[PDB]
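Top to bottom, those sequences are chains Y and X. Position 9 of the first sequence, counting from 1, maps to 61 under the authors' numbering, and the rest follow consecutively. Position 45 of the second sequence, counting from 1, maps to 45 under the authors' numbering, and the rest follow consecutively. The C-beta atom is built at its ideal place from N, Cα and C for all residues, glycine as well. Working notes, structure below.
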Amino acid sequence: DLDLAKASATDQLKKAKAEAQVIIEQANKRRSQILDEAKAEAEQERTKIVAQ
Amino acid sequence: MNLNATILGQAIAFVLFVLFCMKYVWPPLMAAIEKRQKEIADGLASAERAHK
Numbered sequence: 053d054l055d056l057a058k059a060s061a062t063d064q065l066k067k068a069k070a071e072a073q074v075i076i077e078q079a080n081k082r083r084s085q086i087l088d089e090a091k092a093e094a095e096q097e098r099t100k101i102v103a104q
Numbered sequence: 001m002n003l004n005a006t007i008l009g010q011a012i013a014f015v016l017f018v019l020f021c022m023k024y025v026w027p028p029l030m031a032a033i034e035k036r037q038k039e040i041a042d043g044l045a046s047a048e049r050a051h052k
């Protein structure tokens with residue numbers, strides 16, 4: 053046990069640390085997706101309204 | 001029976017076997033036993049710490 057308790061302590065730390073970064077990075081991918089979409093379609097709207 | 005000078009002679013032999021037993025025999029044996037008993041307690045503690 054004095055060794056399986058050590059091994060599991062590093063095993064959880066490794067997995068948890070990677071997932072926490074992956075979550076927050078893809079939150080930045082979603083943010084930049086949302087911003088990119090809005091920043092594009094603002095002109096797609098205006099270019100329709102002047103043609104109208 | 002008959003009381004005798006043997007009563008004093010045996011009293012010299014008795015004290016001197018108690019003094020060499022007290023210094024030499026008993027402290028090195030009981031240090032060696034307690035040194036084993038202590039380690040068993042150390043193993044139990046380690047099992048508790050591992051789980052926690």
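Is the shortest distance between the beta-carbon of residue i and the beta-carbons of chain Y less than 8 Å?
i                : result
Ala-50 (chain X) : yes
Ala-45 (chain X) : no
From what residue to what residue does the alpha helix (DSSP H) around residue i run?
i                : result
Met-30 (chain X) : 26 to 51
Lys-91 (chain Y) : 56 to 103
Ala-5 (chain X)  : Per DSSP, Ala-5 (chain X) belongs to no alpha helix (DSSP H) and is neither H nor E.
If you measure from the beta carbon of residue i to each beta carbon in chain X, is any gap under 8 Å?
i                : result
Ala-57 (chain Y) : yes
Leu-54 (chain Y) : yes
Rounded to a whole number of angstroms, what is the C-alpha to C-alpha distance between residue i and residue j?
i                : j                : result
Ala-13 (chain X) : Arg-49 (chain X) : 53 Å
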